[PDB]
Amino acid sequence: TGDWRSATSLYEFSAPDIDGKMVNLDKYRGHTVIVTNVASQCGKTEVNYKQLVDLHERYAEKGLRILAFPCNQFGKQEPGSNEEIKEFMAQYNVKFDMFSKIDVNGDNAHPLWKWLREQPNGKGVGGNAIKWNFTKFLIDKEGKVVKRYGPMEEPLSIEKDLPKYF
């Protein structure tokens, strides 16, 4: 319907986790959140998964949550099923929150990702499309997008921004 456009925070959305269960994202109320689109066959798959796991291990106890959305729109680098994707992330000891595969660009993009890219701090410079695998959005404890990091920005580079939003 498009009726997601009236939302003004992360907490108005729901999305299915990687086991297929619908997660109401208002569960993240009051937490600091990173949302990222992931892929298993990307040149930066390893550095992003290793460093997202490191961020989660070190900062979950400070209220950080990480929401990972698989996406096959970037070089068909997430071709596997949700069950295969779940198995893949086990080699990295992923313990943050894993979601079912989605599109992030175009008319079929999941409404959460359409919304993320329309935010004042989520929309980028000359257009808001997701450029490639492992874009990250940093979301504050009120559910607002505060920063967007591109595919080349390694997760450890979010660390310098993260604690101030605690």
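Numbering starts at 1 and follows the sequence shown.
- Please work out which of 87-95 and 67-75 has the higher mean CA B-factor as recorded in the PDB entry. Averaged over C-alpha atoms, the B-factors run higher in 87-95.
- Message: Using only C-alpha atoms and the B-factors in the entry, which stretch averages higher, 13-21 or 151-159?
- Response: It is 13-21.
- Item | 51, 100, 45, 108, ranked by C-alpha B-factor: the highest one | In the PDB entry, the greatest C-alpha B-factor among 51, 100, 45, 108 is found at 108.
- Comparing residue 41 with the other modelled residues of its chain, is its CA B-factor in the lowest, middle or highest third? According to the entry, residue 41 has a C-alpha B-factor in the chain's middle third.
- Query: Would the CA B-factor of residue 141 place it in the lowest, middle or highest third of its chain?
  - Reply: It falls in the middle third of the chain.
- Query: Split the chain's modelled residues into thirds by Cα B-factor; is residue 60 in the lowest, middle or highest one?
  - Reply: CA B-factor rank for residue 60: lowest third.
- Among modelled residues of the same chain, the CA temperature factor third for residue 129: Middle third of the chain for residue 129's C-alpha B-factor.
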